[PDB]
């Protein structure tokens, strides 16, 4: 059930598609980035077409929509990484088993591109190029995190296996989210940029 806006993949299951500057899709993703990163230089934006990762993510989304008895479980967030991790993320997505982890041992995603644009996250490569993903994240119902969590806390410790979907730094005004399970995050676009 591959999305309409994907382009044909000649019966293959993985491809990175470079977006055409000035078209609707490129403009929308560029705007999300330049909202906080207007001083950077965008080299290119690529659409990640990973059939298997999409499949696994959409199953978790359908499950969370049933569990939570509503949609609104999804947010678009940013994730900066080093060049040597980009092939892994494109093919396999995010892995908690692979920086500060103050809110738990999961994968971190930022509300603002400016945060992911820090050199500690989007490490500039031997040519000055920096890499940041635009990510579909199943944040669902969330609570404040804490150091040492390996899963989100329970919603009520009377039922210890019924968990929050994610954690955050601040529930009223979140700036980061942490997810603790594979296929809770789909890397949708890769931005290559310089300072």
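Residue numbers count along the first chain shown, from 1. Rigid core (definition): largest C-alpha set, two forms, superposition within 1.5 Å.
The segment moving more, judged by mean Cα distance from this form in 9 other deposited structures of this protein after a core overlay, is 4 to 12 among 4 to 12 and 185 to 193. Stretch comparison, 174 to 182 versus 20 to 28: after rigid core superposition, larger RMS CA deviation in 9 other deposited structures of this protein is found for 20 to 28. In this entry, residue 98 is separated from residue 99 by 1 to 3 residues of the deposited sequence that have no coordinates. Taking the mean C-alpha B-factor of each stretch as recorded, 145 to 153 and 123 to 131 are not equal, and the higher mean is that of 123 to 131. Looking at 171 to 179 and 17 to 25 together, the entry lists the larger mean B-factor for 17 to 25, computed on C-alpha atoms. Comparing the listed residues 92, 79, 105, 71, the entry records the largest Cα B-factor for 71. In the deposited entry, the Cα temperature factor of residue 137 places it in the lowest third of its chain's modelled residues. Annotation for residue 46: C-alpha temperature factor in the lowest third relative to the rest of the modelled chain, per the entry. Sorting the modelled residues of the chain by their CA temperature factor places residue 66 in the highest third.
Ranked by C-alpha B-factor against the other modelled residues of its chain, residue 189 falls in the lowest third. Sort the modelled residues of the chain by CA B factor and residue 38 lands in the middle third.
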